[PDB]
Amino acid sequence: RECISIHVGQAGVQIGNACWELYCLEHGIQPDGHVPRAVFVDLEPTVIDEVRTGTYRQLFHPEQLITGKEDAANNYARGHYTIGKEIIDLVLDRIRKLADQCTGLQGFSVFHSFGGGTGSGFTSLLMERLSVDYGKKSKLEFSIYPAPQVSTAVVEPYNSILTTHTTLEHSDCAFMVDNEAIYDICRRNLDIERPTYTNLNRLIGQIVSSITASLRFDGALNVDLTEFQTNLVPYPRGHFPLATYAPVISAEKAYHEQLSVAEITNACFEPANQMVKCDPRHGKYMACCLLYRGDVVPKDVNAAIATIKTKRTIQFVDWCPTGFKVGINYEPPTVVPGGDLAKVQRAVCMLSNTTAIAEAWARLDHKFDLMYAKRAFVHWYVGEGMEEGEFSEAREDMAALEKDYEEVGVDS
Amino acid sequence: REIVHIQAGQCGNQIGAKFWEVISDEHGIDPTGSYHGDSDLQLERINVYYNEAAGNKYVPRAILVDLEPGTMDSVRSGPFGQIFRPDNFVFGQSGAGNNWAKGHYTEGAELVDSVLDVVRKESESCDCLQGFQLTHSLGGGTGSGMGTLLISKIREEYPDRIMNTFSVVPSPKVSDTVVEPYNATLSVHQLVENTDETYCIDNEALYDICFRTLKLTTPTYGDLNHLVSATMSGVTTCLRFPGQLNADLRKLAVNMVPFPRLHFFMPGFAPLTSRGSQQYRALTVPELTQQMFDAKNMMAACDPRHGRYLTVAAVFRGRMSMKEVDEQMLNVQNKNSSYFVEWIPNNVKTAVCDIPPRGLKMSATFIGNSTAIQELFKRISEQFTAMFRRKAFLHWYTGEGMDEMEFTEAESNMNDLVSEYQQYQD
Amino acid sequence: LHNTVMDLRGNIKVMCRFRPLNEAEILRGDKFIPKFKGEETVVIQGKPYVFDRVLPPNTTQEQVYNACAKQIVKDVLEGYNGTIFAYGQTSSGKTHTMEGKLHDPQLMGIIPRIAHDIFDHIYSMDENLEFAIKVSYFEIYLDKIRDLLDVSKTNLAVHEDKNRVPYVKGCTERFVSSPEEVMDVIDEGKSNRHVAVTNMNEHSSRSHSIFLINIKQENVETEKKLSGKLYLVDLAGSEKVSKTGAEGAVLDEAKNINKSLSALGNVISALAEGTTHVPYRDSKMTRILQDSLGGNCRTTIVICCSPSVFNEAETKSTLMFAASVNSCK
Ligand SMILES: CC(=O)O[C@H]1C(=O)[C@@]2(C)[C@H]([C@H](OC(=O)c3ccccc3)[C@]3(O)C[C@H](OC(=O)[C@H](O)[C@@H](NC(=O)c4ccccc4)c4ccccc4)C(C)=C1C3(C)C)[C@]1(OC(C)=O)CO[C@@H]1C[C@@H]2O
Ligand SMILES: Nc1nc2c(ncn2[C@@H]2O[C@H](COP(=O)(O)OP(=O)(O)OP(=O)(O)O)[C@@H](O)[C@H]2O)c(=O)[nH]1
Ligand SMILES: Nc1ncnc2c1ncn2[C@@H]1O[C@H](COP(=O)(O)OP(=O)(O)NP(=O)(O)O)[C@@H](O)[C@H]1O
Ligand SMILES: Nc1nc2c(ncn2[C@@H]2O[C@H](COP(=O)(O)OP(=O)(O)O)[C@@H](O)[C@H]2O)c(=O)[nH]1
Ligand SMILES: [Mg+2]
Ligand SMILES: [Mg+2]
């Protein structure tokens, strides 16, 4: 029934504090109410401390807040092997102590930031140690994969080609939200050149609320977590769909809010609104899980979608007749009291697997090579319990992820 | 986390006074007083530079190494001079001769053990050690020789903790000493092989940047020092603050050093506007990158425009949009694709603290790893040969128990170091 | 075709040597994974060509020695440099190829054979040549040069020669004028080599070994001194830290040494094939063997490999070393 969550890496923790905020906010549980149902991991104390100093301070147990005073290191190796190792046990312990206390759970919603040290590496083995300790569950990892041109870390790819290959054979469904492609939404669909990280977080903090929160919440067309991976992954590769939200209108500027279904659903497939720089440049969808929430008439959907199924310029895979999982919830969304999110009475958090990422992975793989081609910051990992193996052998890994996402599509 | 500063030589020392003059105020620590901190955040992370004893006396955890009493006795007899626990003063009343050899093999080699002693008392302080900060000048005895030894020993004692080095590489135009390239070439040698992050500052790159970027007409040393200390605060201490995207020595190290040499950087501060007038506030952000990335404004002597970059780390510290930050960095990376090296898709390492420099609204330290610094070790290396060839003031070295093969060694080493760095400019 | 791509001809490649399985392990758990094709391709998974030469699990010690070292020894006696590198993890066959058993008429390795050939020319061709065979044996452990003879020095330094090329000064050298004294140097150095306490069968090398044979020959009539250096470099083992679980042992310490030295490796063949000059003077290993990495191409890399669930790791790395050169036409 439940779904634990492990927010790993400063980012996964910032986003965590955010997604965790939106929660109580739409459940009437102020600062000090019940008890969360997740944990927080980081090898840099000062960040988890922000959850220990700032807002939502006492809504957590100093037990579900793991820290390694030591060093973060923007390098996979160190975070996965060398350092990150020391903490893992302890980490697990909570996701085994928190996993017990419950009643027939469904899985762990993992929150990490692909291209980091504590986020890429660590998790790599966290999800790793999970796939074995609970192979019998769902492993949906919600990632924030590398901005297409606006990356931060100098190494980023090293850290992301490595978190992909190690987690690939362990996740159930990996959701992806592109940090940059979300900015566009903040520039083009909300207008603000002042987007603090605290915003992107409010956003995913939204799209995510549509996943677990409301879905695990009764409705006219419930959709379990398992449901996802089933209706969402055509193949064992921990396939990565993309998150998209519909009423991303500004709560100040424009106001046409009352944008009946027929509109908000069409607003999902236009590439300028998908929290991912993977513009459907060719990527044929192969399965979409249209999660609606608020006042929505099933016919409105079983029509708004029909209209789409016949737009053709939206070309769905061949081997897939119908790939539209319509998830209907009741309670409308719940916007921050005064952030910058419109606040409509219905939304569409549609996520999907698109042959599109054939790109995004490509463009991120290429990156890697360029540097590896010169070993660049390699000495930083080797000296951290890794080898020419793990790199070269994780490169070959993704290689067959560029072929995979190519074969499962583009061909009939 | 933590670190333990090291004031090698007079310069490195003189600067200590300025690095601590600053940092303290950037942490509300009065002379011997405690934390008067205008805020409450300038305390949760202080540890990085102090120690708890009394309850109002957080003492800087640095080392003051020097073979010339008068110096430390000027730093200890002035302003903040009375905050260092006397135990910190590792003096060498000997003749602090201006010889690299006199402070690395003969005179300094003695005072070393009585230093390492303390560098251990401070390291084994508490919690977890990160690395050590090292200030000095590569143009003298107690600086290049004895300080370059202090590290060679440190790096044998904890090849785990990092080693940032703040070197005052011998300014071009005019040398404030004569053997300079001797004391220098010999210390850079030791650097390229122990510390793993070096920030080279040039007394004349400063003047310039201090007499034209600060209409300042009488730039006393105190100033230069002050400007420098401003950068080393943005680096360390800063990142030991919260941030949307924070880093720390390692990130900085693990994102800036593609190849083990250790490589040297060139720090640059952001808001560098003259007092009254200039107080233009054009600091939205494009103004900071405008700054940081220009030629002038690079504490180094060389000009970036004269050689690609391998890595860059804009360590900003003041509330801004992870969008207008992450964005700007890009155009910058495209307007100058020419010089920014290619085999690194994203050279830049954007870092973002929150709280800014006490009295300012928005700043951003720049730590550049450009191939341009090739044209400096060249300089140094040249000066050597031109004088080595004739063994100029060599008797002051050998006569101190040195080797004719020692000088050969260093030059070559550091000379090769020039070579390599070009391997990427191409 | 395919010949033009041999642009790597840099010979500085790395001949593959598979060790055979013994009857006790054919049906224990260790089985063949190496498919051989011809005498130069090895198919492990997906792999359509290998490189220059693959020695099968049917190739003699003598056979490996002829192809790999015999020429290098010949050139060294004329006053040139040569390097033979060795690599392969635990139970791959390194100990068996380099030394084997110290006195075995055909089971003996590389170092006892070179020693036999050296003293077969000496006293048969000395009538104007005065030979002095000097051997030196040192390890690189925690990137410090530990001399393995006399009194162990926990660090030892390089200095530079007449040309500004570094060499290991102070390395304890000794005369050897018959084969026995060479064996006695090996016994002495191995007894202080850092070996992980496993089971008696396994020999987990945590320290890289450099055996120097310095062929000094002096000419009696006015012509001067020659000094060919044969560096026999026995690389320490490489072990996948991920699988084994280094918590705290000389596993973590070895992982840093083996990775730093293998990485420098990668750049050195790549430079020995086609690059501008680069990571010399970076590590002590590189400082000891530099003159050889630039001239008399004789740095034969002999990597081992035994079929099984294991050894596939170090074998793989041995193949990834000289796999790129000219591509193509
Ligand atoms: C009224 C007002 O706003 O005054 C400003 C000011 O006028 C200006 C000109 C300051 C001023 O700085 C200088 O004039 C200067 C003097 C010698 C060497 C270098 C600089 C200032 O003195 C410096 C001072 O800086 C700080 O307070 C930072 O926290 C800074 N602190 C120190 O350097 C410091 C100085 C004395 C004692 C202890 C610390 C800092 C910077 C980076 C990391 C840590 C701390 C500031 C904003 C000002 C004054 C006071 C006039 C500027 O410098 C800095 C480092 O902020 C020079 O260009 C900038 C722009 C500022 O607006
Ligand atoms: N959406 C969103 N992205 C974030 C947030 N914080 C960081 N990121 C992104 O995630 C990545 C940053 O990871 P870091 O903060 O450097 O590291 P970490 O993953 O927390 O772990 P360490 O490297 O060990 O500190 C970058 O790509 C950021 O753009 C956040 O609050 N929201
Ligand atoms: N060709 C061969 N014939 C007979 N025995 C062999 C042969 N090659 C290897 N062996 C034996 O198999 C084992 C592997 O020996 P060595 O001890 O040669 O391994 P490595 O040196 O491969 N091991 P390691 O150092 O731990 O990484 C030893 O017991 C050898 O005596
Ligand atoms: N920025 C700066 N440079 C200094 C200071 N003091 C000496 N220097 C420089 O250091 C060099 C001289 O070395 P010095 O510090 O006297 O050596 P030592 O005292 O014998 O170790 C000259 O290039 C000076 O410009 C200082 O307080 N600030
Ligand atoms: Mg973090
Ligand atoms: Mg062996």
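Just give me the residues in the range A:61-94 being of a type in the set (D, E) and more than 14 Å from chain B (Cβ to nearest Cβ), in sequence order. Reasoning before the result, please.
Filtering the range A:61-94 down to residues of a type in the set (D, E) leaves A:63, A:70-71, A:86, A:89, A:93.
Residues satisfying the conditions are A:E63, A:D89, A:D93.
Please tell me if C:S238 is in contact with a strand residue (DSSP E or B) (Cβ under 7 Å, 6 or more places away or on another chain) and within 16 Å of ligand 6 (Cβ to nearest atom).
Details: in contact with a strand residue (DSSP E or B) (Cβ under 7 Å, 6 or more places away or on another chain): no; within 16 Å of ligand 6 (Cβ to nearest atom): yes.
No, not satisfied.
Test A:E384 against the stated conditions and say whether it is in a helix (DSSP H, G or I) and outside the structural domain of A:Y285 (by TED's automatic domain parsing).
Numbers: in a helix (DSSP H, G or I): no; outside the structural domain of A:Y285 (by TED's automatic domain parsing): yes.
Against the criterion (in a helix (DSSP H, G or I) and outside the structural domain of A:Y285 (by TED's automatic domain parsing)), A:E384 does not qualify.
For C:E247, are the conditions met, namely being touching an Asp or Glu at 6+ places or on another chain (Cβ under 6 Å) and more than 16 Å from ligand 1 (Cβ to nearest atom)?
Values: touching an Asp or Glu at 6+ places or on another chain (Cβ under 6 Å): no; more than 16 Å from ligand 1 (Cβ to nearest atom): yes.
Answer is no for this residue.
Specify which of the listed residues (B:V112, B:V119, B:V90, B:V22) is more than 20 Å from the chain's Cα centre (by Cα) and either outside the structural domain of B:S229 (by TED's automatic domain parsing) or part of a helix (DSSP H, G or I) (or both). Show your work before the answer.
Details: B:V119 fails: more than 20 Å from the chain's Cα centre (by Cα); B:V90 fails: either outside the structural domain of B:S229 (by TED's automatic domain parsing) or part of a helix (DSSP H, G or I) (or both); B:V22 fails: more than 20 Å from the chain's Cα centre (by Cα).
After ruling out the rest, the residue left standing is B:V112.
Just the residues that are out of contact with any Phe, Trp or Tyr (no Cβ under 8 Å at 6 or more places or on another chain) and either surrounded by 21 or more Cβ atoms within 10 Å (Cβ to Cβ) or at the interface with chain C (Cβ under 7 Å from one of its Cβ atoms) (or both), please, taken from the range A:393-412.
A:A394, A:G409
For the range A:202-222, indicate whether the set of residues that are crowded, with 21+ Cβ neighbours inside 10 Å and in a loop (DSSP other than H, G, I, E, B) is non-empty.
No.
List, please: which pairs have Cβ atoms under 7 Å, are six or more places apart or on different chains, and start with a residue in the range C:88-108 that is more than 19 Å from C:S317 (Cα to Cα) and of a type outside the set (S, T, Y) and end with one that is assigned to a loop (DSSP other than H, G, I, E, B) and within 6 Å of ligand 3 (Cβ to nearest atom)?
Close Cβ pairs (under 7 Å, with a partner that is assigned to a loop (DSSP other than H, G, I, E, B) and within 6 Å of ligand 3 (Cβ to nearest atom)) amount to C:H96/C:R19.
Looking at (1) within 14 Å of chain A (Cβ to nearest Cβ); (2) away from ligand 2 (no atom under 16 Å from the Cβ); (3) surrounded by fewer than 18 Cβ atoms within 10 Å (Cβ to Cβ), which one does B:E197 not meet, given that it meets all the others?
(3)
Please pick out the residue among A:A147, A:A174 that is within 14 Å of chain B (Cβ to nearest Cβ), of a type in the set (G, A, S) and closer than 26 Å to A:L341 by Cα. Reasoning before the result, please.
Numbers: A:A174 fails: within 14 Å of chain B (Cβ to nearest Cβ).
Exactly one residue qualifies, and that residue is A:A147.
With the condition being among the small types (G, A, S) and in the same structural domain as A:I83 (by TED's automatic domain parsing), I'd like the strands (runs of 3 or more DSSP E) fully within the range A:102-178 carrying at least 2 qualifying residues.
Values: elements: A:107-112, A:140-143, A:173-176.
So the answer is A:107-112.
What number of residues within the range A:353-381 are in contact with a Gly (Cβ under 8 Å, 6 or more places away or on another chain) and part of a helix (DSSP H, G or I)?
Filtering the range A:353-381 for residues in contact with a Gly (Cβ under 8 Å, 6 or more places away or on another chain) gives A:354-359.
Pick out the ones that are also part of a helix (DSSP H, G or I) and you get A:355-359.
The total comes to 5.
Exactly one condition in (1) of a type in the set (D, E); (2) more than 30 Å from A:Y381 (Cα to Cα); (3) more than 12 Å from chain B (Cβ to nearest Cβ) is false for A:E169; which is it?
For A:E169, the failing item is (2).
For the range C:293-329, enumerate the residues that are crowded, with 22+ Cβ neighbours inside 10 Å, among the polar types (S, T, N, Q) and assigned to a loop (DSSP other than H, G, I, E, B).
C:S306, C:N311
Within the range A:183-193, identify whether any single residue is assigned by TED's automatic domain parsing to the domain that holds A:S138, part of a loop (DSSP other than H, G, I, E, B) and basic (K, R), and answer yes or no. Break it down stepwise before answering.
Going through the range A:183-193, the residues assigned by TED's automatic domain parsing to the domain that holds A:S138 turn out to be A:183-193.
Right, trim to part of a loop (DSSP other than H, G, I, E, B) and you get A:189-193.
Add one more test, that the residue is basic (K, R), and what stays is none.
Looking for residues that are assigned by TED's automatic domain parsing to the domain that holds A:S138, part of a loop (DSSP other than H, G, I, E, B) and basic (K, R), one finds none in the range A:183-193, hence no.
Spot the failing condition for B:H36; the list is (1) within 21 Å of B:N88 (Cα to Cα); (2) away from ligand 1 (no atom under 11 Å from the Cβ), and only one is missed.
If we test B:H36 against (1) within 21 Å of B:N88 (Cα to Cα); (2) away from ligand 1 (no atom under 11 Å from the Cβ), just (1) comes out false.
Might you let me know whether the range B:338-350 holds any residue that is farther than 23 Å from B:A372 by Cα and either more than 12 Å from chain A (Cβ to nearest Cβ) or not polar (S, T, N, Q) (or both)?
The initial filter retains those residues of the range B:338-350 that are farther than 23 Å from B:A372 by Cα, namely none.
No, every residue in the range B:338-350 fails to be farther than 23 Å from B:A372 by Cα and either more than 12 Å from chain A (Cβ to nearest Cβ) or not polar (S, T, N, Q) (or both).
Quick one: in the range B:192-210, of everything that is of a type in the set (A, V, I, L, M, F, W, C) and over 13 Å from the mean Cα position of the chain (by Cα), which residue is nearest to ligand 1 (Cβ to nearest atom)?
Taking the range B:192-210 first, the residues of a type in the set (A, V, I, L, M, F, W, C) are B:192, B:200-201, B:205-206, B:209-210.
Filter once more, keeping what is over 13 Å from the mean Cα position of the chain (by Cα): B:192, B:205-206, B:209-210.
Working: B:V192: 28, B:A205: 13, B:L206: 9, B:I209: 9, B:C210: 7 Å.
That would be B:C210.
Numbers and lists here come from the model and the stated rules, or from a named source; no laboratory read-out is quoted. Don't worry about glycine lacking a Cβ; one is built from the backbone with ideal geometry, like all the others, and counts go over all protein chains shown.
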